[PDB]
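Here's the structure we're looking at; comments come further down.
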Ligand SMILES: CCOC(=O)c1ccc(OCCCCC2CCN(c3ccc(C)nn3)CC2)cc1
Ligand SMILES: CCOC(=O)c1ccc(OCCCCC2CCN(c3ccc(C)nn3)CC2)cc1
Ligand SMILES: *C(=O)CCCCCCCCCCCCC
Ligand SMILES: *C(=O)CCCCCCCCCCCCC
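Residue numbers (our numbering), protein chains in the order written: chain A, 20 to 23; chain B, 20 to 23; chain C, 536 to 814; chain D, 536 to 814; chain E, 701 to 817; chain F, 441 to 502; chain G, 441 to 502; chain H, 1145 to 1279; chain I, 54 to 319; chain J, 54 to 319.
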């Protein structure tokens, strides 16, 4: 994932 | 996964 | 957080600092807050400008065209077995006015197609469900002369096949401008008259217009062979700009539009009568 | 990154190096850039050839066939209760011309089927929704003589059952060639006449043609028993080559096609009149 | 490409005028734009590069004054000179190709092929 | 490739930070939805284009 | 089995690298979509098939 | 009545510039049309209200305050460079927001002089000279 | 160093040597030299025959004359070599045969002559026919052997329906195949421009959708020679100079031996 | 190494390129390349204009014809370029202008033609006049522009006293100036001898008693082209071949800008  |  | 600045507590003043006085001749707007001219309390501000961001302002699908196409017995006189529309935001007024708050823009475009149909005549039997072909013809490409000629083969042009009754069709288009930004306004010509020209029509051009075909056309047809009874259909095109950027603000259109340029004709009287000392 | 080379800054020249002169007799194209013949500035280039890659050039579903099938009372005379089509890209011209920029190709094939229907006659009651059977019959397999005979049992042949009104049908086909690549052009024969042959028809063959059945046929029928009223249907087949490779470039077709080979018949005059010293 | 005899000599001016002015009718006007003076000799062929000089980032493939590319013209710089017993007339063949900075976009159908009913 | 962000929660249920998940399905960014996470900026290029920008308590003209 | 790649972003929203996710659902590669990540090559086999390839500033014929 | 029909020679007054009008007089002569602009003052000559023209870069010459206005203009366009002969980048509009008045003399007149300087000028695509037809 | 040049070549194959003092370098089609079938590209399992020097040597075909009206000449490979010594015997005794070629086209004149020959090596050169009838050219007509065929300035449709000629009608500006000749330059080629060079030398690899095929049923390469610029000399209105084509098989290998194929060329 | 030569040159300036396959090397007058005015040689204090590519490019003048009676041609610099594009505009809008030049003279013929052109670049080429009246040639006559002037085999004194022609009378063996032509070789020069070379290429530095001067009032360099050996061909007694002069300004700089100078050439 790329959770901001 | 295989993220290029 | 994206909330607006808090109001500061401000008390009485007797000073040589005068925020309330200025000179608009400079071109500047006076940067004042309530606390510069009246006594204020401390307010922790929670309001925000989330809905007035450029994206949020244009983030809505707007009606830009109503294309009408018939499906009926190919007789032999001007019919509507297929139709063509030049892609533009200028056949409608609402989105046109919104885009024109700005001189230049850059964005991706989302197209949604609502298709409705009905029986044209009192009765001759009925019609089996129709499939519609929406073909994009970019400038240069062969345009159709007939509802089922070879151009509809669409080997390289993008086409949508829409089935009547299905959820409205939707596609996305990249930023496709020949320039670094779209010009909502162009103070110029596509050609210049030269002293050495033969007729003085060689160099004639429409003011403000750029390319002859702009971005091409959407050719629409019913793929179905005609039923005995005629079915008339309308394709409504909704346009939404997404991933939007805009440059150089402009005054909004104040009088009714008169064609694709800035020309005005009438209803040049936008403002109501109100007395000078009347609330 | 996939951008094209930057333009280098190039200044004046007085030298024995002469890029501007060459000899095309060698078979070579002179590898020149603007900076070899004029003074150039430095340009950081961002353009790319992303859309002109082989995959991107063919990445579009093209119309290769219109199969017509009727659903009506099986009377007793030549009807259309079922239809057959030899699979090919040659009944249409647009994709054929694109594939023929190259001598050989290798790819997987995606087939999409758009089905439309209508009432043939003014009126006898109506029709309940139709299911269509599209059966592939590879060479060697029994071909149907009747719309509901045993071949439609399809125990080993692949079949698609399409319901009218549903999203257009779609399948993929592997690379199925008998060779290592598909030959768009074959300068040869399938048979050779021998001096010892009885009639000289034993060894006769069509020039350029390879196998008699190429890749077989698609047999199409309406699975529904006939309504009282006749329904006529058309199945449009869209073909897209995917995972594409091509070899040996060719000049594009300049005059109208005349059948499955390279034969020309007329409109052998492709070029317009333009004066030698006219812009 | 000069397809004349080896005894034939000559100097030719080949040119490119970016759009906006009168299309050249005289060598005098053509000289003023991008150009190459080709001297005929053992190297038989000459190459003039038309540099990308445009206002827009991409021009159209169809005709359009807003995206016009300009004018190419050719003139004799001196003249073709032959000896006696030599043909006084000959052919010039011409070739075109793209430089490594060239690209294209927005795929479309060609008008160069079509099909009857 | 899932992308996770906090929602700006307006009306809070009687049940703290809540999140939403995004995944792009297509290679072309034109196909993507709008992030709607937009940064703002100063109006000064419009409200104050002056070569010598002056402070509000001082005389505009001096 | 998810495959994640960067999009070549054309028009950038006013909100950096964006990604997209791909998963193959079928055993037969013929069923797969097109990656469209295509490497290029030199034109030389066509533009220069010469046994002695010569450099552009030298005389083509010597 | 004809849209986007102003001729190049009329669109481009050169050094002379053009003027504004208090109202819209439609050039009636259809048969041999003037093909000129009809810029109405409160509509900024372009279908919008003049009072909002202040969102554009500007200064006011208010005679009790200042002799002059000085505006520095960057090149603005959808492109880095374009045809200067075909396309104008910037328009300079000078309108009297408040009318000229003096003592009681009902017919006062004072000069307005416009001095302009090009900055960071660069040119590409050299060839023979463009000679436009301004007749 | 020493004195070497782009214009002076010696080609040696088997017991044959070609010299040239006026070449315009030489072309290797698609950048690929001829080579034998590799084990990992191999399809017929039987041990191949490789005749080497006995077949891979220079065969000179019958000379053709170039004059002011000459519209052009064409040849097909392996067909032009079907009767050439032991190459021809190997071709007709085996079901399968692959081979690459060195093509050397010869045409000298004088510094006062003028003209330019376009020499083109085309993969799968399918030619157009005579008739309303499509794909109807007969095998014997499709294959002229060493003689080759010619081009025409225009399309004369073989009208005699009842007893049809079943021949090609190759029109010159259409490259005999429905395309424009000016684009034939995307094919491997050289130009014999008489003020520059005596000759053209093109090295051809085996090109096919298969590693090996039937040489009797299928031609791999077509050789098209068209006058891009017409022959001219002094003022003599009827000039004529010879064009001579010499071709050599390279890396030739054959599979599927049995009794000899005898095609019917009547 | 590779294949380079004294005879084959490419000159590129601005958007212009010249090729030549038959040069006789090239001359740099007095061993000095053109250069800009240095701060320690500077005299006008105002910031100079340097138009660069827009002026320092090749302008081709009108072609002259060389025939058996042609006694010779002359040109003056900057005068021959006064009407040349933006160079001319810069020259007439400024009081001061300095510039160097690349001069390329073009004259091809055939291996059977004969003749030799002497091409001379002369600093301060003062020419002799018409009359009994000394130093009386008028400005308009002294300055032919692009047309240039000619030489004569002998001195015809303009007799008409009453309404005098006020022209030069340049006699060829006296180099039009009272000296013997055979010594003109102490000036920077090349010879176009038709059996050897198609052309001459002379690079000229700015030469003057000052770093910068008035280009309208004063010419710096004279270009004299005289036939050292007469044109001849086969036996045809009236041969004619073109001579073409192409000139490029180099390191051009201008001072003293104001309204445009419009000289009277009537
Ligand atoms: C003329 C004034 O308006 C504009 O300047 C202006 C600027 C930008 C605009 O964006 C549209 C440009 C893209 C044009 C088309 C490109 C492709 N389109 C497609 C393509 C295929 C299908 C099936 N459906 N729609 C539909 C839109 C539209 C108008
Ligand atoms: C004759 C000239 O054209 C060709 O050479 C040529 C080359 C390759 C081509 O690809 C098609 C080969 C595959 C043939 C068929 C294989 C299976 N097909 C199927 C199979 C099942 C179903 C239900 N629907 N379609 C449809 C296509 C088509 C044509
Ligand atoms: C990053 O995305 C890795 C995690 C993937 C989680 C499962 C995604 C399921 C949806 C697949 C999308 C396919 C779009 C073509
Ligand atoms: C690799 O793919 C491991 C991660 C899987 C994430 C969930 C995928 C959900 C979609 C399942 C596809 C089934 C296709 C037959």
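Every residue, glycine too, gets a C-beta built ideally from N, C-alpha and C.
Beta-carbon contacts of residue 557 of chain D that lie in its chain and below 7 Å, excluding the five residues immediately before and after = Here the question's residue 557 of chain D lines up with position 22 in the fourth chain. 565, listed in sequence order.
Where residue 794 of chain E and residue 307 of chain I are concerned, what is the direct C-alpha to C-alpha distance, given to the nearest angstrom?
-> On the fifth chain, residue 794 of chain E is found 94 positions in, with the first residue counted as 1. On the ninth chain, residue 307 of chain I is found 254 positions in, with the first residue counted as 1. The straight-line gap from Cα to Cα measures roughly 44 Å.
For residue 129 of chain J, which beta-bridge partners are listed by DSSP?
-> Taking the tenth chain and counting its residues from 1, the one referred to as residue 129 of chain J is at position 76. Beta-bridge pairing links residue 129 of chain J to J/275.
Note down, one range per segment and in chain order, each alpha helix (DSSP H) of at least 4 residues found wholly within the region 621-658 of chain D.
-> DSSP runs (the alpha helix (DSSP H)) wholly in the region 621-658 of chain D: 629-634.
Return the chain-ordered list of same chain residues with a C-beta closer than 6 Å to the C-beta of residue 256 of chain J, the five sequence neighbours on each side being excluded.
-> As a first step, residue 256 of chain J is located in the tenth chain; it is residue number 203 there, counting from the start. Cβ neighbours of residue 256 of chain J beyond the five flanking positions: 81, 155.
Residue 622 of chain C beta carbon near ligand 1 (any heavy atom closer than 6 Å) = Translated into positions along the third chain, residue 622 of chain C becomes position 87. At least one heavy atom of ligand 1 lies less than 6 Å from the C-beta of residue 622 of chain C.
Using a Cβ cut-off of 8 Å, pull out every chain E residue sitting near residue 628 of chain D, in sequence order please.
-> On the fourth chain, position 93 is the one that residue 628 of chain D refers to. Here the neighbours are 813, 814, 815.
Closer than 7 Å, CB to CB, is residue 474 of chain G near chain L or not?
-> Reference to chain L is not applicable here, since the protein chains of this structure are A, B, C, D, E, F, G, H, I and J.
Does any heavy atom of ligand 2 sit closer than 6 Å to the C-beta of residue 644 of chain D?
-> Position 109 of the fourth chain holds residue 644 of chain D. Residue 644 of chain D: yes, Cβ under 6 Å from ligand 2.
Are the beta-carbon atoms of residue 244 of chain I and residue 171 of chain I separated by less than 7 Å?
-> Taking the first residue of the ninth chain as 1, we reach residue 244 of chain I at position 191. Taking the first residue of the ninth chain as 1, we reach residue 171 of chain I at position 118. Yes. Within cutoff.
Pair every Cβ in the region 733-740 of chain C with every Cβ in the region 663-671 of chain C, then say whether three or more of these pairs are closer than 8 Å.
-> Flag = no, the region 733-740 of chain C and the region 663-671 of chain C do not touch.
Measuring from each Cβ to the nearest heavy atom of ligand 3, keep the ones under 6 Å and list them in chain order.
-> B/20, F/441, F/442, F/463, F/465, G/442, G/444, G/461, G/462, G/463
Cβ of residue 357 of chain J within 7 Å of Cβ of residue 237 of chain J?
-> Residue 357 of chain J cannot be examined here, being either before or after the span of chain J that is shown, 54 to 319.
Determine the contact status of residue 629 of chain C and residue 761 of chain C, defining contact as a CB-CB distance below 7 Å.
-> Along the third chain, one-based indexing puts residue 629 of chain C at 94. Along the third chain, one-based indexing puts residue 761 of chain C at 226. For residue 629 of chain C and residue 761 of chain C, no; Cβs fall outside 7 Å.
For residue 243 of chain J, does the three-state DSSP call read helix, strand or coil?
-> Here the question's residue 243 of chain J lines up with position 190 in the tenth chain. Residue state, collapsed to three classes: strand.
Examine ligand 1 and report whether any of its heavy atoms sits within less than 6 Å of the Cβ of residue 693 of chain C.
-> Mapped onto the third chain, residue 693 of chain C falls at position 158. Under cutoff, so the answer is yes.
Give the DSSP-derived three-state secondary structure of residue 200 of chain I in the structure shown.
-> On the ninth chain, position 147 is the one that residue 200 of chain I refers to. It is helical.
Inspect the beta-carbon positions of residue 222 of chain J and residue 204 of chain J and report whether they are closer than 7 Å.
-> Along the tenth chain, one-based indexing puts residue 222 of chain J at 169. Along the tenth chain, one-based indexing puts residue 204 of chain J at 151. It is not a contact, given that the beta carbons lie outside the stated cut-off.
For residue 592 of chain C, the first and last residue of its enclosing beta strand (DSSP E) = Residue numbering aside, residue 592 of chain C sits at position 57 when the third chain is read from its first letter. It is not in any beta strand (DSSP E) - residue 592 of chain C instead sits in the alpha helix (DSSP H) that spans 589-593.
Thinking C-alpha only, which one of D/580, D/598, D/554 is nearest residue 696 of chain C?
-> Locating residue 696 of chain C in the third chain gives position 161, counting from the first residue. It is D/598.
Residue of I/266, I/296, I/312, I/104 minimising C-alpha distance to residue 131 of chain I = Along the ninth chain, one-based indexing puts residue 131 of chain I at 78. Measuring from the Cα of residue 131 of chain I, the nearest candidate turns out to be I/266.
Just to check, is the beta-carbon of residue 671 of chain D closer than 6 Å to a non-hydrogen atom of ligand 2?
-> Translated into the one-based positions of the fourth chain, residue 671 of chain D becomes position 136. At least one heavy atom of ligand 2 is nearer than 6 Å to the Cβ of residue 671 of chain D, so yes.
Counting contacts by CB-CB distance shorter than 7 Å, is residue 688 of chain C in contact with chain D?
-> On the third chain, residue 688 of chain C is found 153 positions in, with the first residue counted as 1. Closer than 7 Å: yes.
When DSSP labels each residue in this structure, what does residue 823 of chain E get in the three-state scheme?
-> Since the first and last residues shown for chain E are 701 and 817, residue 823 of chain E lies out of range.
Start-to-end residues for the alpha helix (DSSP H) that takes in residue 731 of chain E = Working through the fifth chain from its first residue, we reach residue 731 of chain E at position 31. First-last of the alpha helix (DSSP H) with residue 731 of chain E: 727-731.
Partners in chain I for residue 643 of chain D, counting only beta-carbon separations shorter than 7 Å = In the fourth chain, residue 643 of chain D corresponds to position 108, counting from 1. Ordered by position in chain I, no residue passes the 7 Å Cβ test against residue 643 of chain D, which lies about 17 Å from the chain.
Exposed or buried, which one is residue 190 of chain J when buried takes at least 16 other CB atoms within 10 Å?
-> As a first step, residue 190 of chain J must be located in the tenth chain, where it is residue number 137. So residue 190 of chain J ends up on the buried side.
Extent of the continuous beta strand (DSSP E) run through residue 484 of chain F | Along the sixth chain, read from residue 1 onward, the residue named residue 484 of chain F stands at position 44. Element bounds for residue 484 of chain F: not the beta strand (DSSP E) but the alpha helix (DSSP H), 484-487.
Count the other C-beta atoms from every protein chain shown that fall within 10 angstroms of the C-beta of residue 753 of chain D, then say buried if there are 16 or more, exposed otherwise.
-> Position 218 of the fourth chain, counted from the start, is the residue given in the question as residue 753 of chain D. Per the 10 Å Cβ criterion, buried.
Interface partners of residue 500 of chain G on chain E, CB under 8 Å | Residue mapping note: residue 500 of chain G aligns to position 60 of the seventh chain, counting from 1. Those are 743, 745, listed as they occur along chain E.
Alpha-carbon to alpha-carbon, residue 502 of chain G and residue 66 of chain J | Here residue 66 of chain J is taken as the residue at index 13 of the tenth chain, counted from 1. Here residue 502 of chain G is taken as the residue at index 62 of the seventh chain, counted from 1. Their backbone Cα atoms lie some 27 Å apart in a straight line.
Determine the burial state of residue 61 of chain I: buried for a count of at least 16 other Cβ atoms within 10 Å of its Cβ, exposed for fewer.
-> Working through the ninth chain from its first residue, we reach residue 61 of chain I at position 8. Residue 61 of chain I is exposed by the Cβ-count criterion.
How is the beta strand (DSSP E) around residue 696 of chain C delimited, first residue to last?
-> On the third chain, position 161 is the one that residue 696 of chain C refers to. Residues 694-698.
Nearest residue (CA-CA) to residue 731 of chain C, options E/702, E/722, E/714 = Along the third chain, read from residue 1 onward, the residue named residue 731 of chain C stands at position 196. Selected option, being the one with the closest Cα: E/722.
For residue 1282 of chain H and chain J, any beta-carbon pair shorter than 7 Å?
-> This structure leaves residue 1282 of chain H out entirely; chain H is present only between 1145 and 1279.
Name the one or two DSSP bridge partners that residue 172 of chain I has.
-> In the ninth chain, the residue the question calls residue 172 of chain I occupies position 119. In DSSP, residue 172 of chain I forms a bridge with I/243, I/278.
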